[PDB]
Structure formats: structure tokens, C-alpha cells
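Chains as they are written, first to last, in the working numbering: chain A, 211 to 831; chain B, 50 to 134; chain C, 23 to 179.
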Amino acid sequence: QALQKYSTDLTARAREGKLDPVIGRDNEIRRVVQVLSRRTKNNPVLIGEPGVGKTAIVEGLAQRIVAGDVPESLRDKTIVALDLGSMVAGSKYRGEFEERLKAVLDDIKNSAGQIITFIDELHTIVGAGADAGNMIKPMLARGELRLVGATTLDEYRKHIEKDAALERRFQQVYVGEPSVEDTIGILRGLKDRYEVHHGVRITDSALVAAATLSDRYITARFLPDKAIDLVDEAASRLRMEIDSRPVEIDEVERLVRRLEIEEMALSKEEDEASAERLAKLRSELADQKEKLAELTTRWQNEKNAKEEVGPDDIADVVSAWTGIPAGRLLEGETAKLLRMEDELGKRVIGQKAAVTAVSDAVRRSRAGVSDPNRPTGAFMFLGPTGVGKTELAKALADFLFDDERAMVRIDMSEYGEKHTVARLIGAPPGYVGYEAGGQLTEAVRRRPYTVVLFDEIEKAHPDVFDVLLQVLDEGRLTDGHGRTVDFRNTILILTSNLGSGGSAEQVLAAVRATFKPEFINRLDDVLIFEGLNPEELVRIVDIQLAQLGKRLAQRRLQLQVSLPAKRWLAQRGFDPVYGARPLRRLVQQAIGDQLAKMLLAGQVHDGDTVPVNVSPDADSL
Amino acid sequence: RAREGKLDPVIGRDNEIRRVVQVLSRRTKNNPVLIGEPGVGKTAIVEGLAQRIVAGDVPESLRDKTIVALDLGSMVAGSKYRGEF
Amino acid sequence: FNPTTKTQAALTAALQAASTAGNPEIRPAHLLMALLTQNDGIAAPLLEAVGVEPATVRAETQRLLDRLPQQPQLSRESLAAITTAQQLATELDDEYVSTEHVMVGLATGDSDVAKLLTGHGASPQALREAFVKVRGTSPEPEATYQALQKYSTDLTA
Ligand SMILES: Nc1ncnc2c1ncn2[C@@H]1O[C@H](COP(=O)(O)OP(=O)(O)OP(O)(O)=S)[C@@H](O)[C@H]1O
Ligand SMILES: Nc1ncnc2c1ncn2[C@@H]1O[C@H](COP(=O)(O)OP(=O)(O)OP(O)(O)=S)[C@@H](O)[C@H]1O
Ligand SMILES: Nc1ncnc2c1ncn2[C@@H]1O[C@H](COP(=O)(O)OP(=O)(O)OP(O)(O)=S)[C@@H](O)[C@H]1O
Numbered sequence: 211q212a213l214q215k216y217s218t219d220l221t222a223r224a225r226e227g228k229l230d231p232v233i234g235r236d237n238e239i240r241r242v243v244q245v246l247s248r249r250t251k252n253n254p255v256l257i258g259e260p261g262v263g264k265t266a267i268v269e270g271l272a273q274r275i276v277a278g279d280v281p282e283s284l285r286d287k288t289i290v291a292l293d294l295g296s297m298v299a300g301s302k303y304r305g306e307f308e309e310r311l312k313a314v315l316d317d318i319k320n321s322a323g324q325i326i327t328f329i330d331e332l333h334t335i336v337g338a339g340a341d342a343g344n345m346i347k348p349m350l351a352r353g354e355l356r357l358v359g360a361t362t363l364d365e366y367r368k369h370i371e372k373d374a375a376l377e378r379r380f381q382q383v384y385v386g387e388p389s390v391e392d393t394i395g396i397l398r399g400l401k402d403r404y405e406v407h408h409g410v411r412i413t414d415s416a417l418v419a420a421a422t423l424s425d426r427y428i429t430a431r432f433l434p435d436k437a438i439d440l441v442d443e444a445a446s447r448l449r450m451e452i453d454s455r456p457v458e459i460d461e462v463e464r465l466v467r468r469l470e471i472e473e474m475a476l477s478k479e480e481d482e483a484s485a486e487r488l489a490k491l492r493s494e495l496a497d498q499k500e501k502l503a504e505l506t507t508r509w510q511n512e513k514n515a516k517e518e519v520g521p522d523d524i525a526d527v528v529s530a531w532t533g534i535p536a537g538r539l540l541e542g543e544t545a546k547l548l549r550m551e552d553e554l555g556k557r558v559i560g561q562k563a564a565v566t567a568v569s570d571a572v573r574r575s576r577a578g579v580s581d582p583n584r585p586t587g588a589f590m591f592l593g594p595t596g597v598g599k600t601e602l603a604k605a606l607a608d609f610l611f612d613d614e615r616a617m618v619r620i621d622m623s624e625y626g627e628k629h630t631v632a633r634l635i636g637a638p639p640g641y642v643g644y645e646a647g648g649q650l651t652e653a654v655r656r657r658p659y660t661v662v663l664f665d666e667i668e669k670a671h672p673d674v675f676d677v678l679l680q681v682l683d684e685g686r687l688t689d690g691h692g693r694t695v696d697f698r699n700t701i702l703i704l705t706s707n708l709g710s711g712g713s714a715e716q717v718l719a720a721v722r723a724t725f726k727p728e729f730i731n732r733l734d735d736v737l738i739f740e741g742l743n744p745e746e747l748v749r750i751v752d753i754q755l756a757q758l759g760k761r762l763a764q765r766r767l768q769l770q771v772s773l774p775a776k777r778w779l780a781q782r783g784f785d786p787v788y789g790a791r792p793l794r795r796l797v798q799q800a801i802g803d804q805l806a807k808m809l810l811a812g813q814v815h816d817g818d819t820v821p822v823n824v825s826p827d828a829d830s831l
Numbered sequence: 050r051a052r053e054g055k056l057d058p059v060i061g062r063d064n065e066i067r068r069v070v071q072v073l074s075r076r077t078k079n080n081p082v083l084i085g086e087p088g089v090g091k092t093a094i095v096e097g098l099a100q101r102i103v104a105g106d107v108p109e110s111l112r113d114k115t116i117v118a119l120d121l122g123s124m125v126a127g128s129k130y131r132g133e134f
Numbered sequence: 023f024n025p026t027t028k029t030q031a032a033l034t035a036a037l038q039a040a041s042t043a044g045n046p047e048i049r050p051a052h053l054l055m056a057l058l059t060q061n062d063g064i065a066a067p068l069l070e071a072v073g074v075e076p077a078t079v080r081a082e083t084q085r086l087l088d089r090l091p092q093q094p095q096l097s098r099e100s101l102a103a104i105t106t107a108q109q110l111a112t113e114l115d116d117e118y119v120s121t122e123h124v125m126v127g128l129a130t131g132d133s134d135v136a137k138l139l140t141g142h143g144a145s146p147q148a149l150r151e152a153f154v155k156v157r158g159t160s161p162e163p164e165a166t167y168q169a170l171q172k173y174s175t176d177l178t179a
């Protein structure tokens, strides 16, 4: 009767049908049985990584006993679930806990083996002392109490294997994680338990996707557990959608009910610079109130003539998680991908050969054609200076994230000595900086969709190349802590400045003599950039002037530029040895200097608009 | 406190509260953990969820759920004996 | 009953000084001497809260000890004191007995100590307000009781 106070009844719980169906894993359960039914030392311990199913095996054995598939040596035996936490509850006096545990042990021995104690998280059996969890050591080695335990793989060697007198009384059972084909079956069996809790239906083509998809995207966790979450979340989200309106009709309404209040409390601003902001916000409101009322119409076109989860809700879940977009190109993204070297051309000018290669390994990955285990694209573009090869790697990180500072840049010119490698991989255990991990590593392990940029790579020491050697071609590198980080979704970009003027084989042979063939072989196309012709500078001129104008709008201060000045600046863009950097200095020598002189000398105030005009030699405002 | 009007208004962050709710109402292992750099708003989201529950914008399963803010500091206050914690 | 460590130490000190004294039964004046001369004593500021002089709390109760003919057991007045103390702990729901609880039980249990505290000037309505101005609801030990005044100094003062 002391076993009623400190434990529940697993077999009784399994009798009333309160446990999930256990599928497969025949070998593990048969070994648990043939260990649990020997003369002495008859107590197994399941062992293995967290999530692969180790309480599932004990619950399967309990259901199996209740049914009657077990041998004669185990027919009609009850399994009790010991609870070490509720025993040390009130034991402040000097012997009460030992008294409790002794009563429990005596009561277990008082039966004739009709009880199988099952301790979960048994690594907690070492403490309870303050000579505790130690009075069990005699009864263990004789086979009185049949113990079924299950702890993860690495708290075993941390709490138990430290005590080789106690770990002798345990027989280990290793529980390896299943494969995709087996996880599919486990899900096929468990589906009808979620189909009830959520009032929905789940499609087998979705049960296959929730297991194939969650095997190449979520690598930090193990099997089935990392494949049941997708199904459960998809169902819960679908039920939410069923009750209320669908998504993308809810957020459009939530933000509209906010822009209203914004413009309402903004229109009462007795101000003049705030009138250009109100007249700009008042347009996005009418633009949103357009597609909102279009969605409410397109929803009735379907509601007059999305009721079970498919292989699409799963992808949407594994995309909201982990940030990686793996969807189906829902007709809004494809129209944007189709004109990409057109949205990149607003920031980079020329280099058509290189824009149509960076942009070419994004489509052939969003359409599901690239190798699923290798980086999305790994190519190095190199050429003369000031040509636009560090700008392209920023016009690209802005097309995908809408923020130029959401990417990972490391300036490879500080890696002059080989010992500077530990800066991006961590320091081995037992050294100064170890509870910090790597620096490149920990940056990608948190958001595995960024675009890495190794700037000025040939200035480094030829060992960091050999570190990168396996990043390309496999997308993996492990830090000090032993955590493997995957790169199979990033875009690897390496700039350079080799050759410096050689036509095509003074540079192609200067790359070959600075890098090794095993490093050139992992790369995709080696893009060559080209100098700037006189025509393709008259356009960078416009870009620069637009930039400066946008920078000036902090004072509502514009400026008018005449075509003579616009083609004077571009003709004073000179020296096809320095690219397009001199022009940014010419602009500030000509316009910016005298504008700033006039600006703090009175005689120019906000709201004005200054026209530039080419004096016979210089520019006059 | 959300009923008594003592929490600041919470603006924006719709995707996050949506995901928090849908994780908070699934069958097993429903424990959302807001993670991210310090300052970007992680208590503000929970306060927004509380005000949203008081208002009524939540799905059916989360009607009248009475969020509770635990405290493990005042729980280990005086427990020098063997089982007091 | 439900003891805290200070009442346990007071009972142990009174029992050691009683077994040294050689008595058939331990008087309440042993416990009173143990509590007024206790380290970190919360009885002398308790009587400071009700305006009682401390120059008589070691003389007029000392005369209740050196008139007895020098293992004792607890007097029935002391058991009634602990009984009314445990009863008086049920309103403020403090889970353990305290030194002020021992004091109010001794003031209600034996009328001999109540006679002395009434002759020095103290009412049970006033000494029930003696602690609330020095306390400020209770665990087992005593690390409350104006914690700002014992773990800080005043820069403005
Ligand atoms: N063979 C299986 N058949 C059916 N469901 C399974 C099977 N293996 C695991 N599961 C389910 O997958 C999840 C695994 O959870 P558990 O196995 O209880 O956790 P665990 O494997 O013990 O990991 P730890 O060490 O306890 S944290 C549960 O939802 C189980 O119901
Ligand atoms: N084709 C181009 N289109 C637009 N801006 C360009 C172009 N080429 C250079 N620029 C400008 O030049 C600056 C950036 O030049 P970068 O390409 O970053 O220099 P680089 O190509 O990395 O050469 P090095 O070897 O790194 S100095 C920015 O101010 C750009 O506006
Ligand atoms: N979306 C938001 N709406 C309204 N106020 C916000 C929002 N996000 C942040 N704030 C305010 O900005 C501050 C952010 O503080 P918190 O988000 O509570 O701190 P935190 O983000 O939790 O970081 P830590 O780790 O808790 S110190 C508070 O003053 C919030 O009131």
C-alpha cells in the first residue's frame, strides 16, 4: 500500500486506452523481454539520443502485456512507474526518506515478482542523499526488483558511468534512430490520433512530405520527434484558419485597422515637413484597402462554388520555422524571379555575364533542380579595382532579404597568419575562449539562409583556403563544441583582385598559381569582371546624383541638374585604371563642397532647389 | 493586469503572435520559446498576447485561459532543509 | 506544534541551564531567561516597542529562579503557553512558532509573567502591535524584519 503513494500504474493507464500506438521496433522489445526474464541481474536500460523513442518502447511493452503477446514468464505482470521526485517531498528529518524507500523496497520484494518497477530519467537516482539510491544496490544484483530505465546517451556517461559499482547492475540496450521509410510508417499509424484532437483530415501525401522534408532542413534534432511537430502544427494552423478567416486576409485587415489610427492622429500635426509624410502614408492606406476588398471578393468566388492538410501546409511550417523558403512559388514570387537581372541592374551596371550567373543559381534552386546536399552556389568573381564586384554581392543580399546588413561578411585581409583560423572555428576544449564557439559557425547556425561573403580572399594565408576546402562541395564544418553546421542553403561569394589588367590568361594563370586544383575544382564558374566603358559611366552618374538627392531629402532640399553638367561629370570620369571610384570624389569636389559652403553661410535654406550649371570649366550653383 | 489596463500597448508583430498561438494550441509538446537578441521585443509579445486574450482576438481553444507569470526566485527563498523545494 | 530554530535554541539553552541547575521540572523563568538573553534577541526590542525598561528584565525574573532547591520536564503553564501560541499563529497563518509567539503565549499562559509585564507597564493590545512595527508572511528562519536597516546605510542621513 506504500506503492500507491509514490507511483502511478503504467499497466492500468494502458488498459483504459490512454497510450499511443507503438509501431515497429520489434528487436528492441524482444531484447527488453529476454533481458527482463533472466535469473539474476534482470534489468535493462534503454540508451540513445533524445527523441528516437525510448518511453515509446516501454509503453509498447505495456500494451503488449495487456494484450497477451508476451511469454509465460511475463504473462500477467503489472508495471509500476516509480516517481523519485515525490519521495523526497517532505523528508527534512534525519531518516524519513530512507524509511520511505525501505518501505517501498520491502513491499516490492514482498510480492513474488508480479511487479516491474520502471524508473524514467534514472540518472536522477544518484542523488536523493543530502548514502541514498545506494541501498538499492544489494537488491539489484540479485534480481528482486526488475528495473526498466531509459536515459539519454550523454547523461549516462556523466552521472552513471562515474560509478562503475552501480553501472555493473545494468544491461545496456542501444536504440538507434529510424530511417525515412520507417518514420513514414510510424506517422501512418499515428495520424488517426491527431485527426481526432484537431477536427481535420491528414493526407498520406502529406505524411510522406513531413518526413522527407524534415530530413534535409532540420538537422539539429533527431527522427520521429522532428517529423511529428510539422504534422501537429499544420493541423493546428488549419483549425485556426477554419474558425476565423484564412491567412493573408487577416494580416491585410490588421494593418489596415492600424494605418487608419496612424493617419488619423497624424493629420492633426500643425507642421509643414509632416505634410509630405501624411500625403505618402495616405496612399498606402488606399492601396491596402484595395487588395483587401479584392481578397474578400476572390474568397467568395471560392466560397460559393482547403479542408485537409497537404504537402503545402507542411512546407509552409518548415519555412516559417528555420527561415528557409521551401514553398511552391505562389505566382507572386515567380513573377519577381522572372525579372531579376532587371532588379539587380538598378544597382550594378554592366557585368551582364556575371549578373546572369549569380541570378541563375537562384531560379534553378527555387524550382527544385539543384543538388539537395551542396551549397546553393559557390563562385568567385575577380577582376580590376572599382569595377563593382563587392557591390554585386550587396545588391544580391538586398534583393533576397530587403536589408543589406542581414548577410555575413568577413574581411579576409586580417587572416594574415595561419593561427587566425581559430577565430572562425572556435578553440578546442580546455582553452581560454571555449564557451563562445566559433564566430562564422555560430553566425550561420542561427539563420541558415544568409549569404556569406569572403572579401579580398587572396590576401590571406594559404591555410584558410584549406579550411574552406570542405565548406564548398559539402556545406559542413564542425567547431570546437563538436556541433556540425550545415551550409547547404547559403550562397558563397569570394571576391579578389588577382591579375590586375591581364587580358584573360594573365589572370587565369595567376589564379592557377595561387590556388590549388583541389580548391579551384569545388568552385562553380569563375566570373571575370571587365573594365568600364565610357558609355556605362553616364549612368553611374545618374545613380550617384540620385543617391545624393535621397540623402538631401532630410531637409526637403532638392537640386536640378542640367544635361551639360551630367555629361561633363561623366567625361571627367577618367583613368580606366581606377574604375568608378574617382567619380564619387569628383562629385563631392564639384557639387558637395560648394553646396556645404553655401549651406551654412545663409543664402540657402530648406525647401529650396538649387540648379547646377556648367561654367566654362567648373560647376556653379 | 491586462484587464486592469497596466500593460503598454503592443503594435505590430503579427507573424510572431500568430505562430505563438498556433504552437500554444497543439496536441503534444506545446511550449513556445521566444528567442532572439536582447531588446527586440520578447516580453512585449507575451503582453500583446495577454491583451489579445482579454479582448477576444484569439481562436476558440484560447478563450479565458488566464496566463500566469511564474517566479523561481521566490520559490527557493527559504528551503535549507531536504525537501522544502 | 511547529518550531523555528530560535525557539528550539531557547528551549535547548533553558534545558541545559536547567539540568545544570538541578530542577525536578523546568520553570517558565528558564525559558524567559533564555529568550531575553538570546543572541539577536527579538524580545528586548519587542518591549522597546511597548515602552518597557530593560533594567528589570534580568532582576525581577531572576528572583523567580534563585528560590528553587538546586532531567526536568516542561511545566503545564509552559504547555498552555505553547498551546495559546499555536492558536494565535492561526490568524496570521505563519506556519511555525516564533519568539514573539512564545512571548505572547507566555503572557497569556502564566499570569506570573503577565503580572510582571503589567507592573512594568504593558498591555496585550500593545504587545500584539509590538512586532508589526519591527516586522513590517514568514518562512522558517529570520532574515526579514527591516532588511534595509541591516544591509544598508543611509547616504542622505
Ligand atoms: N515506435 C514508435 N511508434 C509510435 N510513436 C513513436 C515511436 N517512437 C516514438 N514515437 C513518438 O515520438 C515521440 C517520442 O517521444 P519519447 O520517445 O517519449 O521521448 P524519448 O524518445 O523518450 O526521448 P527522451 O530521452 O525521453 S527526452 C512521442 O510522441 C512518441 O509517441
Ligand atoms: N558597375 C558599377 N555600378 C555601380 N556602382 C559601381 C560600379 N562599379 C563600382 N561602383 C561603385 O564603386 C563602389 C564600390 O566599388 P567596389 O566594387 O566595392 O570595389 P571593388 O570592386 O571591390 O574593387 P576592390 O578590389 O574591392 S577596391 C560603390 O560606390 C559603387 O557605387
Ligand atoms: N512591438 C512593440 N510594441 C510596443 N512596445 C514595444 C514593442 N517592442 C518593444 N517595445 C518596447 O520596447 C522595450 C522592449 O523591452 P522588452 O522587449 O520587454 O525587453 P526584451 O525585448 O524582453 O529584452 P530582454 O531580454 O527581456 S531585457 C519596452 O519598453 C517595450 O515596451
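All residues carry an ideal CB built from backbone N, CA and C; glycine is no exception.
Nearest-angstrom Cβ-Cβ length linking residue i and residue j, presumed shorter than 8 Å
| i | j | result |
| --- | --- | --- |
| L650(A) | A588(A) | Actually they are not in contact, since the Cβ atoms of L650(A) and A588(A) sit about 15 Å apart, beyond 8 Å. |
| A93(B) | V59(B) | 5 Å |
For residue i, the first and last residue of its enclosing beta strand (DSSP E)
| i | result |
| --- | --- |
| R426(A) | Taken as a continuous stretch (DSSP letters only), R426(A) belongs to no beta strand (DSSP E), as it is neither H nor E. |
| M590(A) | 587-592 |
| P348(A) | No beta strand (DSSP E) holds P348(A); the alpha helix (DSSP H) holding it covers 346-352. |
Where the alpha helix (DSSP H) containing residue i begins and where it ends
| i | result |
| --- | --- |
| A775(A) | 773-781 |
| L502(A) | 485-514 |
| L769(A) | Here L769(A) belongs to no alpha helix (DSSP H); instead the beta strand (DSSP E) covers 768-770. |
| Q381(A) | No alpha helix (DSSP H) holds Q381(A); the beta strand (DSSP E) holding it covers 381-384. |
| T566(A) | 562-568 |
| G97(B) | 92-104 |
| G127(B) | Segment: none, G127(B) is in no alpha helix (DSSP H) and carries neither H nor E. |
Near ligand 5: residue i beta-carbon under 8 Å from a heavy atom
| i | result |
| --- | --- |
| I60(B) | In the structure on display, ligand 5 does not appear, and the ligands it does have are ligand 1, ligand 2 and ligand 3. |
Best match in the options for proximity to residue i [C-alpha to C-alpha]
| i | options | result |
| --- | --- | --- |
| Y644(A) | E551(A), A632(A), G270(A) | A632(A) |
| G685(A) | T429(A), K604(A), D293(A) | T429(A) |
| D63(B) | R538(A), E461(A), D818(A) | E461(A) |
| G85(B) | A653(A), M450(A), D570(A), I750(A) | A653(A) |
| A65(C) | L170(C), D176(C), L177(C), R157(C) | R157(C) |
| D522(A) | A445(A), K287(A), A756(A), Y659(A) | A445(A) |
| residue 141(B) | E543(A), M808(A), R467(A), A483(A) | Residue 141(B) lies beyond the residue range present for chain B, which begins at 50 and ends at 134; the question has no answer from this structure. |
Whole-angstrom distance between residue j and residue i, CA atom to CA atom
| i | j | result |
| --- | --- | --- |
| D676(A) | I534(A) | 28 Å |
| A419(A) | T507(A) | 32 Å |
| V695(A) | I239(A) | 34 Å |
| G323(A) | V242(A) | 16 Å |
| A489(A) | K599(A) | 39 Å |
| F697(A) | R584(A) | 8 Å |
| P774(A) | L758(A) | 18 Å |
| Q382(A) | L256(A) | 6 Å |
| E47(C) | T27(C) | 23 Å |
Contact check, residue i vs residue j, beta carbons under 9 Å
| i | j | result |
| --- | --- | --- |
| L737(A) | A607(A) | no |
| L831(A) | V824(A) | no |
| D665(A) | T705(A) | yes |
| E512(A) | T413(A) | no |
| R557(A) | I753(A) | yes |
| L101(C) | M125(C) | no |
| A670(A) | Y625(A) | yes |
| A222(A) | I275(A) | no |
| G789(A) | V597(A) | yes |
| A483(A) | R657(A) | no |
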